[PDB]
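First comes the structure, then the notes that go with it.
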Amino acid sequence: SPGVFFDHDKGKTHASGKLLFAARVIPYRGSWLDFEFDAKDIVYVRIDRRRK
DNA sequence: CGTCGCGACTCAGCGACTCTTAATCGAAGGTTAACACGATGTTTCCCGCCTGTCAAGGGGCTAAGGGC
């Protein structure tokens, strides 16, 4: 369904054991947006999972 | 007697091939300037050569009947 999503990572793709909390808003028709974090504790706008 | 001028260093990071094994039924939707000679094939009959009938004629071979 269209709307913002916050998929907290379950440890996978983490530095050691930390979570990611990828805040992604899925539009009904358009380009996806990802506001996930990293091990450096920084929010990166991974638009449509292309770049970070 | 300190650092920094100047060097590697491994750490991260970024890209990327497969989804068993047989099977349940066959195809599958759009895109919308106008015209002109020329050289280039396309398609029809038309005679040329030749092929394939059956027949006609005949003879030559084979065989069957009659006579001594």
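In the structure tokens, the first chain shown is A, the next is B, and so on; residue numbers restart at 1 for each chain, and ligands run from 1 in the order shown.
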
Sorted by chain and rising residue number, list the residues of region 2-52 of chain A at most 12 Å from region 5-26 of chain B (counting only C-alpha atoms (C1' of nucleotides)), each with its closest atom pair and distance in Å to one decimal, as a Markdown table.
```
| residue | atom | partner | partner_atom | distance |
| --- | --- | --- | --- | --- |
| A:15 | CA | B:12 | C1' | 10.2 |
| A:38 | CA | B:13 | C1' | 11.8 |
| A:39 | CA | B:12 | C1' | 10.8 |
| A:40 | CA | B:12 | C1' | 11.3 |
| A:50 | CA | B:14 | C1' | 11.3 |
| A:51 | CA | B:14 | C1' | 9.8 |
| A:52 | CA | B:14 | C1' | 10.5 |
```

Residue selection dump (C-alpha atoms) as a compact mmCIF listing (two decimals), in the first residue's frame:
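selection_1.txt, written as the output of this step:
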```
# COMPACT_ATOMS: atom_id res chain seq x y z
CA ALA A 15 28.04 -3.85 11.09
CA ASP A 38 24.17 2.62 8.34
CA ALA A 39 26.79 1.57 10.89
CA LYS A 40 28.04 5.18 11.00
CA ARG A 50 20.18 3.03 -6.63
CA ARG A 51 22.67 5.12 -4.62
CA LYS A 52 23.20 6.06 -0.96
```

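If you look at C1' of residue 28 (chain B) and CA of residue 29 (chain A), they are 26.8 Å away from each other.
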
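Atom pair CA of residue 27 (chain A) / CA of residue 4 (chain A): separated by 8.2 Å.
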
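When CA of residue 8 (chain A) is paired with CA of residue 36 (chain A), their separation reads 8.9 Å.
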
Taking the chain letters and numbering used in this document, name the residues of chain A that DSSP puts in strand (DSSP E), as a PyMOL selection string. chain A and resi 3-7+22-26+33-34

Using only C-alpha atoms (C1' of nucleotides), determine which residues lie at most 12 Å from residue 31 (chain A), disregarding the query and same-chain residues fewer than 6 positions distant; provide the list as an MDAnalysis selection string. chainID A and resid 2 24:25 46:50
